[PDB]
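Below you'll find the structure, written out as structure tokens, and then a few comments.
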Amino acid sequence: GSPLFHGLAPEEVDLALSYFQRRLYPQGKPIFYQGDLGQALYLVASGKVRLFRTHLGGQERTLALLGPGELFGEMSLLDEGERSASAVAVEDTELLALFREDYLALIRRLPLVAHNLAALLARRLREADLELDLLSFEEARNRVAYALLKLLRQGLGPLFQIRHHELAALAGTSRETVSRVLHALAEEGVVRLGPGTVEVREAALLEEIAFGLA
Amino acid sequence: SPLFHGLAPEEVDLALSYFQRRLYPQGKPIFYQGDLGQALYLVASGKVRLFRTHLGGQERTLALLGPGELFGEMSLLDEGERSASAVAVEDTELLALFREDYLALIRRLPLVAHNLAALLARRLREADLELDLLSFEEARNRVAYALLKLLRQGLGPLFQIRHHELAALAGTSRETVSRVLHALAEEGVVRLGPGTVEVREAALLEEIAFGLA
Ligand SMILES: Nc1ncnc2c1ncn2[C@@H]1O[C@@H]2COP(=O)(O)O[C@H]2[C@H]1O
Ligand SMILES: Nc1ncnc2c1ncn2[C@@H]1O[C@@H]2COP(=O)(O)O[C@H]2[C@H]1O
Ligand SMILES: [Mg+2]
């Protein structure tokens with residue numbers, strides 16, 4: 001069941017599908033490219049589609065693998081801007097295409113289709129905010145160790161009155177990952193934790209961990 | 001207001017009747033990040049600052065919005081949290097559209113829902129452009145970190161090293177490394193030659209390696 005059709009009665013789904021046109025793309029055929037003039041969105045009826053952007057001397061960053069029921073190409077449909085990504089068939093693929101003029105007449109009968117596009121884009125923007133904030137545990141570990149190292153280097157230590165959040169601000173990670181890292185560092189016997197305190201036990205081992213050789 | 005793009009003048013009037021006026025004197029919070037929002041807003045008068053909390057308790061400012069501009073559409077659409085905080089920076093008048101009234105409105109003026117999808121489409125374009133940049137930014141930290149490790153393993157400050165060697169060390173591609181190295185060189189952090197990378201500014205390099213500079 002396509003999210004584009006969420007909320008619609010069975011008859012209304014049938015109604016909506018009647019505005020679409022069938023388009024076929026064999027394995028490995030480009031559907032469209034980033035920067036192309038676009039006048040339609042696509043539902044995947046069968047097969048598999050890959051979306052990707054190109055940058056950095058022609059390198060590709062994959063954004064999505066889409067199977068049956070999934071939607072793409074709605075941005076050029078909506079704003080008449082160029083395609084924001086390339087789309088290639090990775091299997092023999094059947095696409096149901098909805099052109100801009102047919103879309104305009106459809107939402108006049110079923111506004112919930114326009115709203116469903118809005119919601120999908122909202123879902124995607126949320127996934128994008130997450131990708132901004134994301135970092136591997138391993139690198140988080142180095143960065144948190146380095147932050148602790150920085151406190152060691154003020155010449156007092158090795159016991160610190162410090163909240164996980166102040167350490168997170170120091171390291172540039174979230175409070176949650178700082179706690180995750182500190183619990184792993186305590187399990188390794190590198191630090192000892194208490195109510196509002198972090199005590200470094202193994203400073204040399206910590207310094208090793210900060211610089212990623214441990 | 002672009003939310004009403006394409007509407008006849010009497011349709012704009014009809015659309016505006018679904019909104020509700022809310023007043024916010026200067027410095028008053030309109031909503032916080034994490035709130036379960038039930039409405040989107042238009043600025044009728046005044047000025048709103050949108051800002052997001054980015055790890056540690058700090059706030060990146062997203063925009064300053066004046067008359068005619070729209071915000072708070074996310075929670076309206078998906079019923080999830082506000083992804084930013086909004087505060088009045090002047091005495092402000094807002095037109096608010098609650099979810100049940102939004103649903104009734106687009107049933108009557110479908111172009112409004114279209115105009116909203118179109119706007120989110122513009123923001124997603126901007127976001128992809130930013131995410132292209134994130135790949136490179138993360139690469140720049142990881143490349144710095146790789147060189148930093150060579151420096152701390154005793155080597156340097158001049159390294160005999162090929163780009164592909166660095167790429168293996170940093171978990172990136174050769175092309176990206178070449179680009180990262182060119183930027184660090186313009187930043188004065190390293191100096192390059194045939195098969196060589198020289199660290200000029202070890203402390204700066206260290207900061208870059210941990211995502212601090
Ligand atoms: N960040 C993203 N995540 C998932 N899909 C996207 C993203 N950005 C663009 N797309 C899709 O890729 C399509 C490429 O062409 P369009 O811009 O017409 O519409 C685009 C969206 O359907
Ligand atoms: N990156 C961004 N750029 C511009 N505006 C944004 C950005 N992120 C969030 N917003 C706006 O800030 C609002 C805060 O509440 P919502 O998430 O409901 O809807 C959000 C958008 O209107
Ligand atoms: Mg009402």
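Residue names in the structure tokens use chain letters A, B, ... in the order shown, residue numbers from 1 in each chain, and ligand numbers from 1 in the order shown.
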
- [ ] Within chain B, find each residue whose DSSP state, derived from the backbone, is strand (DSSP E), and express the selection as number ranges by chain.
- [x] B: 20-24, 29-31, 39-45, 48-53, 59-65, 70-71, 85-88, 92-98, 158-160, 190-193, 196-199

Residues as selected, N, CA and C atoms, written as a short mmCIF file (atom, residue, chain, number, x, y, z; two decimals), in the first residue's frame, can you do that?
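Writing the result to selection-v3.cif gives the following:
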```
data_model
loop_
_atom_site.label_atom_id
_atom_site.label_comp_id
_atom_site.auth_asym_id
_atom_site.auth_seq_id
_atom_site.Cartn_x
_atom_site.Cartn_y
_atom_site.Cartn_z
N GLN B 20 -6.40 31.69 13.05
CA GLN B 20 -6.76 32.31 14.31
C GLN B 20 -5.61 33.18 14.78
N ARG B 21 -5.94 34.39 15.20
CA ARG B 21 -4.94 35.37 15.57
C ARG B 21 -4.40 35.11 16.98
N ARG B 22 -3.08 35.14 17.11
CA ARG B 22 -2.41 34.99 18.40
C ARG B 22 -1.36 36.08 18.53
N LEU B 23 -1.30 36.70 19.71
CA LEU B 23 -0.36 37.79 19.95
C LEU B 23 0.79 37.37 20.87
N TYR B 24 1.99 37.84 20.55
CA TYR B 24 3.18 37.49 21.31
C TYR B 24 4.04 38.74 21.44
N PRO B 29 8.26 33.20 24.11
CA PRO B 29 8.36 31.94 23.38
C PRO B 29 7.04 31.61 22.70
N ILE B 30 7.08 31.26 21.41
CA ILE B 30 5.89 30.80 20.69
C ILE B 30 5.76 29.28 20.82
N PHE B 31 6.87 28.57 20.62
CA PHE B 31 6.95 27.16 20.98
C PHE B 31 8.40 26.70 21.13
N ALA B 39 -0.46 23.18 15.04
CA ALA B 39 -0.75 24.28 14.13
C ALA B 39 0.49 24.77 13.39
N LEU B 40 0.27 25.33 12.20
CA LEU B 40 1.29 26.14 11.53
C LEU B 40 0.96 27.62 11.70
N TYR B 41 1.92 28.48 11.36
CA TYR B 41 1.75 29.90 11.63
C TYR B 41 2.14 30.75 10.43
N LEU B 42 1.43 31.85 10.23
CA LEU B 42 1.93 32.93 9.37
C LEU B 42 2.26 34.13 10.24
N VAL B 43 3.33 34.84 9.89
CA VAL B 43 3.64 36.10 10.58
C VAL B 43 2.81 37.21 9.94
N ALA B 44 1.91 37.81 10.71
CA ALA B 44 1.14 38.95 10.23
C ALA B 44 1.95 40.23 10.45
N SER B 45 2.57 40.34 11.63
CA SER B 45 3.41 41.48 11.96
C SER B 45 4.41 41.12 13.05
N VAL B 48 10.00 36.77 14.07
CA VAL B 48 10.22 35.52 14.79
C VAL B 48 11.61 34.96 14.51
N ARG B 49 12.26 34.47 15.56
CA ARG B 49 13.52 33.76 15.39
C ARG B 49 13.26 32.28 15.59
N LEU B 50 13.70 31.47 14.63
CA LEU B 50 13.66 30.03 14.75
C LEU B 50 15.05 29.55 15.07
N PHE B 51 15.15 28.65 16.04
CA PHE B 51 16.46 28.12 16.41
C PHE B 51 16.35 26.69 16.91
N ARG B 52 17.41 25.92 16.68
CA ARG B 52 17.42 24.50 16.95
C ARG B 52 18.55 24.18 17.94
N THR B 53 18.33 23.17 18.77
CA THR B 53 19.31 22.80 19.79
C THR B 53 20.22 21.69 19.31
N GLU B 59 22.46 26.54 20.61
CA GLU B 59 21.39 26.86 19.65
C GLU B 59 21.84 27.48 18.31
N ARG B 60 21.67 26.72 17.23
CA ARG B 60 21.89 27.24 15.89
C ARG B 60 20.63 28.00 15.44
N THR B 61 20.80 29.24 14.98
CA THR B 61 19.69 30.03 14.47
C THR B 61 19.37 29.65 13.02
N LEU B 62 18.11 29.27 12.77
CA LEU B 62 17.72 28.74 11.46
C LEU B 62 17.29 29.84 10.52
N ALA B 63 16.55 30.80 11.07
CA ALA B 63 16.04 31.91 10.29
C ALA B 63 15.48 33.01 11.17
N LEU B 64 15.30 34.17 10.56
CA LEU B 64 14.52 35.26 11.11
C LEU B 64 13.39 35.49 10.13
N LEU B 65 12.15 35.44 10.63
CA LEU B 65 10.97 35.51 9.78
C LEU B 65 10.19 36.78 10.06
N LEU B 70 6.00 31.75 6.65
CA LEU B 70 5.37 30.60 7.27
C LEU B 70 6.35 29.70 8.07
N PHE B 71 5.87 29.10 9.17
CA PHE B 71 6.65 28.14 9.94
C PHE B 71 5.74 27.23 10.76
N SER B 85 12.81 25.72 17.87
CA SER B 85 12.08 26.60 18.77
C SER B 85 11.77 27.89 18.02
N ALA B 86 10.70 28.57 18.43
CA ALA B 86 10.28 29.82 17.82
C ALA B 86 10.02 30.81 18.93
N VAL B 87 10.59 32.00 18.78
CA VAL B 87 10.42 33.03 19.79
C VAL B 87 10.22 34.36 19.09
N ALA B 88 9.34 35.20 19.64
CA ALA B 88 9.15 36.53 19.09
C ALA B 88 10.33 37.42 19.48
N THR B 92 4.71 40.69 18.27
CA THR B 92 4.40 39.92 17.07
C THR B 92 2.94 39.47 17.00
N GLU B 93 2.38 39.54 15.79
CA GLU B 93 1.06 39.00 15.53
C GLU B 93 1.18 37.80 14.60
N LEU B 94 0.57 36.68 14.99
CA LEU B 94 0.62 35.47 14.18
C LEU B 94 -0.78 34.99 13.79
N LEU B 95 -0.90 34.50 12.56
CA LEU B 95 -2.09 33.76 12.15
C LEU B 95 -1.81 32.26 12.25
N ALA B 96 -2.62 31.57 13.05
CA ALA B 96 -2.36 30.16 13.31
C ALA B 96 -3.43 29.29 12.69
N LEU B 97 -2.98 28.22 12.03
CA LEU B 97 -3.86 27.24 11.43
C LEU B 97 -3.78 25.88 12.12
N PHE B 98 -4.80 25.56 12.90
CA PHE B 98 -4.82 24.27 13.60
C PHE B 98 -5.10 23.11 12.66
N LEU B 158 56.81 16.12 8.03
CA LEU B 158 56.72 15.84 6.59
C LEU B 158 56.48 14.36 6.33
N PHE B 159 55.43 14.04 5.57
CA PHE B 159 55.13 12.64 5.25
C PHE B 159 55.37 12.30 3.78
N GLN B 160 55.99 11.15 3.55
CA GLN B 160 56.01 10.52 2.24
C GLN B 160 54.74 9.70 2.18
N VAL B 190 48.26 22.47 5.96
CA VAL B 190 49.30 21.60 5.42
C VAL B 190 49.94 22.24 4.20
N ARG B 191 51.09 21.71 3.81
CA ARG B 191 51.72 22.10 2.56
C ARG B 191 51.95 20.83 1.74
N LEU B 192 51.70 20.90 0.44
CA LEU B 192 51.77 19.72 -0.41
C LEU B 192 52.91 19.79 -1.40
N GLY B 193 53.41 18.62 -1.78
CA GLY B 193 54.37 18.48 -2.85
C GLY B 193 54.20 17.10 -3.47
N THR B 196 54.03 14.16 -1.18
CA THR B 196 54.30 14.60 0.19
C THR B 196 53.21 15.48 0.83
N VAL B 197 52.98 15.26 2.12
CA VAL B 197 52.11 16.13 2.88
C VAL B 197 52.82 16.60 4.14
N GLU B 198 52.99 17.91 4.27
CA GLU B 198 53.67 18.45 5.43
C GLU B 198 52.68 19.16 6.35
N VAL B 199 52.64 18.75 7.61
CA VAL B 199 51.80 19.45 8.58
C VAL B 199 52.47 20.75 9.00
#
```

- [ ] Please return, as an NGL selection string, all residues of chain B lying within 7 Å of chain A when only C-alpha atoms are considered.
- [x] :B and (55-57 or 74 or 77-78 or 106-107 or 110 or 113-114 or 116-118 or 120-121 or 124-125 or 149 or 175-176 or 210)

Could the residues in this selection be saved with C-alpha atoms as a compact mmCIF listing (two decimals), in the first residue's frame?
```txt
# COMPACT_ATOMS: atom_id res chain seq x y z
CA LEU B 55 24.05 18.80 21.23
CA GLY B 56 25.44 20.13 24.53
CA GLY B 57 22.65 22.68 24.94
CA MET B 74 6.11 19.92 10.24
CA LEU B 77 1.69 17.70 8.81
CA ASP B 78 3.01 14.65 10.69
CA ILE B 106 -7.43 22.01 1.74
CA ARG B 107 -10.67 20.10 1.20
CA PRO B 110 -6.61 21.96 -2.66
CA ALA B 113 -2.04 21.71 0.25
CA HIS B 114 -0.14 21.75 -3.07
CA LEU B 116 2.64 23.47 1.14
CA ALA B 117 4.12 20.38 -0.52
CA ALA B 118 5.87 22.75 -2.95
CA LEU B 120 8.69 21.51 1.66
CA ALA B 121 10.09 20.48 -1.73
CA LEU B 124 14.43 19.40 0.83
CA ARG B 125 16.42 20.79 -2.10
CA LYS B 149 47.74 9.82 13.95
CA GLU B 175 39.26 11.95 -5.06
CA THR B 176 37.75 13.19 -1.80
CA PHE B 210 38.05 16.27 16.35
```

TODO: Report as a PyMOL selection string: the residues of segment 3-207 of chain B with a DSSP assignment of helix (DSSP H, G or I), based on the backbone of this structure.
DONE: chain B and resi 3-4+9-16+73-78+99-108+110-152+163-170+174-186+202-207

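You can rank B:46, B:81, B:68, B:4 by their closest distance to ligand 2 using only C-alpha atoms and all ligand atoms, and at the top of that list sits B:81.
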
Find the spatial neighbours of residue 183 of chain A, counting only C-alpha atoms, within a cut-off of 12 Å - ignore same-chain residues fewer than 3 positions away - and output them as an mmCIF file with N, CA, C and O atoms, in the first residue's frame.
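And here is the file that came out, result01.cif:
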```cif
data_model
loop_
_atom_site.group_PDB
_atom_site.id
_atom_site.type_symbol
_atom_site.label_atom_id
_atom_site.label_comp_id
_atom_site.auth_asym_id
_atom_site.auth_seq_id
_atom_site.Cartn_x
_atom_site.Cartn_y
_atom_site.Cartn_z
ATOM 1 N N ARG A 141 33.714 7.938 20.612
ATOM 2 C CA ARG A 141 34.601 7.498 21.684
ATOM 3 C C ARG A 141 35.903 8.314 21.732
ATOM 4 O O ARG A 141 36.260 8.858 22.775
ATOM 5 N N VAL A 144 35.085 12.016 22.806
ATOM 6 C CA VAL A 144 34.788 12.140 24.220
ATOM 7 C C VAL A 144 36.062 11.966 25.058
ATOM 8 O O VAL A 144 36.283 12.718 26.001
ATOM 9 N N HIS A 164 27.427 15.247 32.281
ATOM 10 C CA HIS A 164 27.566 14.676 30.947
ATOM 11 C C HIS A 164 27.259 15.721 29.875
ATOM 12 O O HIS A 164 27.861 15.697 28.798
ATOM 13 N N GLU A 176 23.426 12.019 25.387
ATOM 14 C CA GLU A 176 23.189 10.579 25.385
ATOM 15 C C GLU A 176 24.408 9.766 24.955
ATOM 16 O O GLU A 176 24.708 8.733 25.549
ATOM 17 N N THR A 177 25.111 10.216 23.921
ATOM 18 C CA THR A 177 26.271 9.451 23.464
ATOM 19 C C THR A 177 27.459 9.608 24.419
ATOM 20 O O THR A 177 28.261 8.683 24.565
ATOM 21 N N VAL A 178 27.556 10.764 25.081
ATOM 22 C CA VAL A 178 28.559 10.962 26.119
ATOM 23 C C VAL A 178 28.357 9.958 27.252
ATOM 24 O O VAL A 178 29.333 9.371 27.752
ATOM 25 N N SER A 179 27.099 9.733 27.631
ATOM 26 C CA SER A 179 26.820 8.757 28.681
ATOM 27 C C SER A 179 27.154 7.362 28.182
ATOM 28 O O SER A 179 27.742 6.563 28.905
ATOM 29 N N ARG A 180 26.787 7.079 26.939
ATOM 30 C CA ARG A 180 27.110 5.794 26.328
ATOM 31 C C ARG A 180 28.618 5.555 26.318
ATOM 32 O O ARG A 180 29.086 4.482 26.684
ATOM 33 N N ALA A 186 34.147 3.346 31.481
ATOM 34 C CA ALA A 186 34.175 2.818 32.844
ATOM 35 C C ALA A 186 34.316 1.291 32.858
ATOM 36 O O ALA A 186 35.058 0.741 33.677
ATOM 37 N N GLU A 187 33.605 0.624 31.948
ATOM 38 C CA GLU A 187 33.720 -0.826 31.751
ATOM 39 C C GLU A 187 35.150 -1.253 31.375
ATOM 40 O O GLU A 187 35.592 -2.356 31.704
ATOM 41 N N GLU A 188 35.866 -0.364 30.694
ATOM 42 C CA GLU A 188 37.261 -0.599 30.332
ATOM 43 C C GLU A 188 38.221 -0.188 31.439
ATOM 44 O O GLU A 188 39.430 -0.256 31.271
ATOM 45 N N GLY A 189 37.675 0.272 32.559
ATOM 46 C CA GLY A 189 38.481 0.732 33.676
ATOM 47 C C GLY A 189 39.280 2.008 33.443
ATOM 48 O O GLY A 189 40.190 2.316 34.217
ATOM 49 N N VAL A 190 38.944 2.761 32.394
ATOM 50 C CA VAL A 190 39.677 3.989 32.075
ATOM 51 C C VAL A 190 39.222 5.162 32.951
ATOM 52 O O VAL A 190 40.032 5.993 33.377
ATOM 53 N N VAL A 191 37.922 5.214 33.232
ATOM 54 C CA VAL A 191 37.357 6.263 34.064
ATOM 55 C C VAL A 191 36.481 5.662 35.159
ATOM 56 O O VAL A 191 36.000 4.530 35.034
ATOM 57 N N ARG A 192 36.281 6.423 36.231
ATOM 58 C CA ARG A 192 35.339 6.046 37.271
ATOM 59 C C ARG A 192 34.273 7.133 37.401
ATOM 60 O O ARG A 192 34.589 8.323 37.463
ATOM 61 N N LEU A 193 33.009 6.726 37.442
ATOM 62 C CA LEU A 193 31.907 7.684 37.497
ATOM 63 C C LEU A 193 31.280 7.766 38.873
ATOM 64 O O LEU A 193 31.255 6.791 39.633
ATOM 65 N N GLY A 194 30.760 8.942 39.184
ATOM 66 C CA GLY A 194 29.987 9.124 40.392
ATOM 67 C C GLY A 194 28.990 10.230 40.146
ATOM 68 O O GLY A 194 28.997 10.842 39.069
ATOM 69 N N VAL A 198 33.490 12.630 37.027
ATOM 70 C CA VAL A 198 34.226 11.693 36.219
ATOM 71 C C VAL A 198 35.679 11.702 36.676
ATOM 72 O O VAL A 198 36.334 12.746 36.671
#
```
